[PDB]
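Numbering (the deposited numbering), first residue to last: 19 to 113.
Ideal Cβ positions, reconstructed from N, Cα and C, are used throughout, including at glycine.
See structure below.
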Ligand SMILES: CCC[C@H]1N(C(=O)c2cnccc2C(F)(F)F)CCC[C@@]1(Oc1csc(C(F)(F)F)c1)C(=O)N1CCN(c2ccccc2OCCCC(=O)O)CC1
């Protein structure tokens, strides 16, 4: 039913929802594009990167690390990022 992969509708699981809402997300249902956007807002506000290597997120002592299950990851490794995000949501229908 989704018009594109980025437009897949999802319901974040409770802790990922808590995380997204902490950075101004007002929804309960999001597109995958929106989840990436709000994760980005979270990383930027909490400064979860080293100014030296901006492509590496450091999250070992943060909820982001607990939910993704890693102490750090590369923003370039999209496959790994999708895998970690998917474990924290449920796919929903357009109704
Ligand atoms: C490039 C300028 C915005 C990104 N930014 C920096 O890269 C950046 C800047 N200055 C200092 C430090 C950083 C740091 F984030 F990398 F640590 C700042 C925040 C928004 C920003 O990055 C991320 C959003 S969600 C995310 C993460 F959880 F880590 F995976 C990273 C961003 O919105 N995206 C767009 C989404 N990307 C992504 C990631 C995974 C899969 C597919 C992706 O993309 C597909 C195509 C885009 C589309 O979804 O339609 C990753 C980058």
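Out of the options, state which residue places its alpha-carbon closest to the alpha-carbon of residue i.
i          : options        : result
residue 41 : 21, 76 and 62  : 62
residue 57 : 76, 34 and 105 : 34
residue 31 : 89, 95 and 82  : 82
residue 21 : 50, 37 and 85  : 50
Hey, residue i and residue j are a contact pair by Cβ (cut 8 Å); roughly how many whole angstroms apart?
i          : j          : result
residue 92 : residue 74 : 6 Å
residue 88 : residue 28 : Between residue 28 and residue 88 the Cβ distance is about 20 Å, and since that is not below 8 Å, they are no contact.
Since residue i sits in a beta bridge, which residues does DSSP pair it with?
i           : result
residue 90  : 76
residue 101 : None, per the DSSP bridge assignment.
**Prompt:** Would you say the region 40-55 touches the region 65-80, given that touching needs at least three Cβ pairs under 8 Å?
**Reply:** Verdict: no, contact absent.
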